[PDB]
Each structure stands twice: as structure tokens, then as C-alpha cells.
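Okay, coords.cif now, which holds mmCIF, C-alpha atoms and all ligand atoms:
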data_structure
loop_
_atom_site.label_atom_id
_atom_site.label_comp_id
_atom_site.auth_asym_id
_atom_site.auth_seq_id
_atom_site.Cartn_x
_atom_site.Cartn_y
_atom_site.Cartn_z
CA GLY L 1 119.69 -42.52 -9.17
CA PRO L 2 120.58 -40.35 -12.16
CA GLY L 3 117.90 -38.54 -14.06
CA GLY L 4 114.55 -37.25 -13.01
CA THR L 5 113.57 -33.63 -12.58
CA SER L 6 116.45 -31.15 -12.59
CA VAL L 7 117.06 -29.18 -9.40
CA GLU L 8 118.57 -26.44 -11.55
CA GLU L 9 115.40 -26.29 -13.63
CA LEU L 10 113.33 -25.96 -10.47
CA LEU L 11 115.60 -23.21 -9.15
CA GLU L 12 115.30 -21.50 -12.51
CA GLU L 13 111.51 -21.59 -12.32
CA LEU L 14 111.62 -20.25 -8.75
CA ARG L 15 113.78 -17.34 -9.87
CA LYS L 16 111.29 -16.38 -12.59
CA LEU L 17 108.50 -16.15 -10.01
CA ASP L 18 110.30 -14.74 -6.96
CA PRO L 19 114.09 -14.46 -6.59
CA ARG L 20 113.66 -14.12 -2.81
CA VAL L 21 112.30 -17.67 -2.70
CA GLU L 22 114.96 -18.90 -5.12
CA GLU L 23 117.62 -17.46 -2.83
CA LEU L 24 116.31 -19.09 0.36
CA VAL L 25 115.81 -22.41 -1.46
CA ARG L 26 119.25 -22.31 -3.06
CA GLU L 27 120.73 -22.00 0.42
CA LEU L 28 118.76 -25.01 1.68
CA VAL L 29 119.75 -26.96 -1.43
CA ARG L 30 123.44 -26.22 -0.83
CA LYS L 31 123.25 -27.38 2.80
CA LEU L 32 121.24 -30.52 1.96
CA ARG L 33 123.72 -31.51 -0.73
CA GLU L 34 126.54 -31.05 1.79
CA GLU L 35 124.70 -33.39 4.17
CA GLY L 36 124.64 -35.89 1.30
CA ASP L 37 120.95 -35.79 0.31
CA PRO L 38 120.52 -34.25 -3.16
CA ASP L 39 117.12 -35.94 -3.52
CA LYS L 40 115.96 -34.13 -0.38
CA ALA L 41 117.25 -30.90 -1.93
CA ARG L 42 115.22 -31.62 -5.07
CA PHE L 43 112.06 -32.34 -3.05
CA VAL L 44 112.51 -29.03 -1.21
CA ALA L 45 112.92 -27.09 -4.46
CA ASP L 46 109.97 -28.85 -6.08
CA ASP L 47 107.82 -28.16 -3.02
CA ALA L 48 108.78 -24.50 -2.96
CA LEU L 49 107.78 -24.20 -6.61
CA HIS L 50 104.32 -25.68 -6.01
CA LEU L 51 103.76 -23.29 -3.10
CA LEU L 52 105.14 -20.23 -4.90
CA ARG L 53 102.96 -20.93 -7.94
CA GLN L 54 99.99 -20.85 -5.50
CA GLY L 55 101.00 -17.48 -4.02
CA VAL L 56 102.46 -18.64 -0.71
CA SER L 57 104.69 -16.03 0.91
CA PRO L 58 108.45 -16.66 1.16
CA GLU L 59 108.24 -16.84 4.95
CA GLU L 60 105.42 -19.36 4.89
CA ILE L 61 107.27 -21.43 2.28
CA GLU L 62 110.33 -21.54 4.51
CA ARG L 63 108.31 -22.60 7.58
CA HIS L 64 106.66 -25.40 5.59
CA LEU L 65 109.96 -26.66 4.17
CA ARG L 66 111.55 -26.72 7.63
CA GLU L 67 108.80 -28.99 8.98
CA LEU L 68 109.46 -31.51 6.21
CA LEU L 69 113.17 -31.38 7.07
CA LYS L 70 112.82 -32.18 10.79
CA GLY X 1 115.15 -36.63 12.95
CA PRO X 2 112.01 -37.11 15.03
CA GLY X 3 109.11 -34.76 14.67
CA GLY X 4 107.94 -32.66 11.79
CA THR X 5 104.85 -33.24 9.72
CA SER X 6 103.15 -36.61 10.21
CA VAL X 7 103.04 -38.94 7.22
CA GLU X 8 99.89 -40.46 8.71
CA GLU X 9 98.27 -37.03 8.85
CA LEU X 10 99.14 -36.46 5.21
CA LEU X 11 97.74 -39.86 4.24
CA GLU X 12 94.63 -39.02 6.21
CA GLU X 13 94.19 -35.77 4.31
CA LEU X 14 94.72 -37.58 1.00
CA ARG X 15 92.01 -40.09 1.90
CA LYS X 16 89.51 -37.31 2.60
CA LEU X 17 90.07 -35.87 -0.88
CA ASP X 18 90.56 -39.00 -3.00
CA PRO X 19 91.11 -42.51 -1.62
CA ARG X 20 92.51 -43.59 -5.00
CA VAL X 21 95.43 -41.20 -4.48
CA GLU X 22 95.79 -42.23 -0.84
CA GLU X 23 96.04 -45.84 -1.95
CA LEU X 24 98.74 -45.26 -4.58
CA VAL X 25 100.69 -43.02 -2.18
CA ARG X 26 100.41 -45.48 0.70
CA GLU X 27 102.01 -48.10 -1.54
CA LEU X 28 104.89 -45.77 -2.42
CA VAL X 29 105.29 -44.86 1.25
CA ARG X 30 105.52 -48.52 2.23
CA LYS X 31 108.20 -49.23 -0.39
CA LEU X 32 110.21 -46.09 0.45
CA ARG X 33 110.21 -46.95 4.14
CA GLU X 34 111.44 -50.44 3.26
CA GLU X 35 114.30 -48.86 1.29
CA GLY X 36 115.11 -46.93 4.46
CA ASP X 37 113.96 -43.41 3.49
CA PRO X 38 110.93 -42.36 5.57
CA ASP X 39 111.68 -38.69 4.85
CA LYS X 40 111.40 -39.41 1.13
CA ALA X 41 108.07 -41.12 1.86
CA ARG X 42 106.90 -38.01 3.70
CA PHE X 43 107.96 -35.73 0.83
CA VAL X 44 106.02 -37.92 -1.61
CA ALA X 45 102.88 -37.81 0.54
CA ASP X 46 103.17 -34.07 1.08
CA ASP X 47 103.67 -33.52 -2.65
CA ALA X 48 100.67 -35.66 -3.54
CA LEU X 49 98.53 -33.61 -1.14
CA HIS X 50 99.54 -30.30 -2.74
CA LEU X 51 98.74 -31.68 -6.20
CA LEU X 52 95.46 -33.31 -5.17
CA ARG X 53 94.29 -30.11 -3.48
CA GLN X 54 94.89 -28.42 -6.88
CA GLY X 55 92.82 -30.99 -8.79
CA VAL X 56 95.62 -33.02 -10.38
CA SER X 57 94.47 -36.44 -11.56
CA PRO X 58 95.74 -39.56 -9.77
CA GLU X 59 97.64 -40.65 -12.88
CA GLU X 60 99.35 -37.30 -13.27
CA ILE X 61 100.22 -37.27 -9.56
CA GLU X 62 101.85 -40.67 -9.90
CA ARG X 63 103.89 -39.61 -12.95
CA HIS X 64 105.12 -36.50 -11.14
CA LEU X 65 106.08 -38.42 -7.99
CA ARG X 66 108.01 -41.00 -10.03
CA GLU X 67 110.18 -38.29 -11.61
CA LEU X 68 111.17 -37.01 -8.18
CA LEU X 69 112.05 -40.58 -7.18
CA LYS X 70 114.44 -41.30 -10.08
ZN ZN L 101 118.04 -40.72 -8.12
ZN ZN L 102 105.99 -31.83 -6.84
ZN ZN L 103 113.81 -36.20 10.69
ZN ZN L 104 104.76 -29.30 0.88
#
As C-alpha cells - that is how I would like this structure written.
Amino acid sequence: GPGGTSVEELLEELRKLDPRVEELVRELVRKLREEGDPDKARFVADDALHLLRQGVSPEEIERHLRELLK
Amino acid sequence: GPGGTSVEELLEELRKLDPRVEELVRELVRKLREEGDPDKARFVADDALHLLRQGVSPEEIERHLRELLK
């Protein structure tokens, strides 16, 4: 459905905290949209923002996101 | 795909921290599985666990999860 949190807003907030995490998440978002799941893309970006706000390293963020994508 | 983080493990961890949040998440998980998106259910449970570990109130958790479900 339309509406809800903006994936672009989430990506924006990631960029302000760590562009390295924004870059890895933007790539996952692009692939997930191509597989036809924008909501999954939004969950991934939202999750990365929670973890980055708590000081999780980019590599640990990526590992965590991959497990939710299996 | 099979594998990845267990939704039951997440629900278990929610219950240990606040059974009120486990209960509201279990209901969302049941509905999301019925709509044929178990991965969405798992994202919701994982998100609730991050927020509950940070001290977010059950009502604020529910509001946040709903916005990701729009
Ligand atoms: Zn929607
Ligand atoms: Zn969230
Ligand atoms: Zn899977
Ligand atoms: Zn997570």
C-alpha cells in the first residue's frame, strides 16, 4: 500500500550518520525493488537506521540484514 | 527462502523483556502470515525487539510497526 515511512527519508538519515552504511543499504534497496519487494527494502533501511543509531558497525549491520533476507 | 533468523526465537526474546509486546507482535505475525508474508512478519518481530531492547513503550512500538506496514 501507498504511504507509510519513506525509504528515501530513511536513506537520508543513514547518510547523515554514515554514508558507508547508506551506500550498502542503497544497493540492497535497489536489488530488493528489482525483485519486486519495496516493503522489504523499506524494512531493511529502517533496520539499518536503528542499528546505526546504536553504533553498530557497517559490517555487522550487513550481516544482520542478510539473515533477515534469507 | 528457508533459514535465516527464527521468528519464534524473536518472539521468545520479546517475551523475556515484555510479554505485552510479545502479545501484540504475535498477533501481527499471525495476520501477516495469513496474508502470505512470513518475511514481513519476521521483520516486524525483529524490529519490535530492537525497539523493546531500547526501552520503547509497547504503544510506540505498535505505532512504528504500523507505519512500516502501510
Ligand atoms: Zn504499502
Ligand atoms: Zn523500525
Ligand atoms: Zn526466505
Ligand atoms: Zn534487525
Near chain L, 10 Å: chain X residue rows, closest pairs, all atoms listed in the file, as JSON lines:
{"residue": "X:1", "atom": "CA", "partner": "L:70", "partner_atom": "CA", "distance": 5.5}
{"residue": "X:2", "atom": "CA", "partner": "L:70", "partner_atom": "CA", "distance": 6.6}
{"residue": "X:3", "atom": "CA", "partner": "L:70", "partner_atom": "CA", "distance": 6.0}
{"residue": "X:4", "atom": "CA", "partner": "L:67", "partner_atom": "CA", "distance": 4.7}
{"residue": "X:5", "atom": "CA", "partner": "L:67", "partner_atom": "CA", "distance": 5.8}
{"residue": "X:6", "atom": "CA", "partner": "L:68", "partner_atom": "CA", "distance": 9.0}
{"residue": "X:7", "atom": "CA", "partner": "L:68", "partner_atom": "CA", "distance": 9.9}
{"residue": "X:39", "atom": "CA", "partner": "L:68", "partner_atom": "CA", "distance": 7.6}
{"residue": "X:40", "atom": "CA", "partner": "L:40", "partner_atom": "CA", "distance": 7.1}
{"residue": "X:42", "atom": "CA", "partner": "L:68", "partner_atom": "CA", "distance": 7.4}
{"residue": "X:43", "atom": "CA", "partner": "L:43", "partner_atom": "CA", "distance": 6.6}
{"residue": "X:44", "atom": "CA", "partner": "L:43", "partner_atom": "CA", "distance": 8.3}
{"residue": "X:46", "atom": "CA", "partner": "L:68", "partner_atom": "CA", "distance": 8.5}
{"residue": "X:47", "atom": "CA", "partner": "L:47", "partner_atom": "CA", "distance": 6.8}
{"residue": "X:50", "atom": "CA", "partner": "L:50", "partner_atom": "CA", "distance": 7.4}
{"residue": "X:51", "atom": "CA", "partner": "L:50", "partner_atom": "CA", "distance": 8.2}
{"residue": "X:54", "atom": "CA", "partner": "L:54", "partner_atom": "CA", "distance": 9.2}
{"residue": "X:64", "atom": "CA", "partner": "L:5", "partner_atom": "CA", "distance": 9.0}
{"residue": "X:65", "atom": "CA", "partner": "L:43", "partner_atom": "CA", "distance": 9.9}
{"residue": "X:66", "atom": "CA", "partner": "L:4", "partner_atom": "CA", "distance": 8.1}
{"residue": "X:67", "atom": "CA", "partner": "L:4", "partner_atom": "CA", "distance": 4.7}
{"residue": "X:68", "atom": "CA", "partner": "L:4", "partner_atom": "CA", "distance": 5.9}
{"residue": "X:69", "atom": "CA", "partner": "L:4", "partner_atom": "CA", "distance": 7.2}
{"residue": "X:70", "atom": "CA", "partner": "L:4", "partner_atom": "CA", "distance": 5.0}
Worksheet item: Do you have the CA of residue 41 in chain X-CA of residue 25 in chain X distance handy?
Response: 8.6 Å
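Each of X:30, X:60, X:10, X:38 was compared to ligand ZN 104 (chain L) using all atoms listed in the file, and X:10 turns out to be the nearest.
Taking CA of residue 49 in chain L and CA of residue 59 in chain X as the two end points, the separation is 20.3 Å.
Coordinates place CA of residue 21 in chain X at a distance of 7.9 Å from CA of residue 52 in chain X.
The protein and nucleic acid residues lying at most 12 Å from residue 27 in chain L are residues 11, 20, 21, 22, 32, 33, 34, 41, 44, 45 and 62 of chain L, with all atoms listed in the file considered and sequence neighbours fewer than 5 positions away removed.
The nearest approach to ligand ZN 103 (chain L) among the residues X:13, X:18, X:8, X:37, with all atoms listed in the file taken into account, belongs to X:37.
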Draw an axis-aligned box over all listed atoms of range 66-70 of chain X, pad each side with 8 Å, and write its centre and edge lengths in Å, one decimal, as AutoDock Vina command-line options.
--center_x 111.2 --center_y -39.2 --center_z -9.4 --size_x 22.4 --size_y 20.3 --size_z 20.4
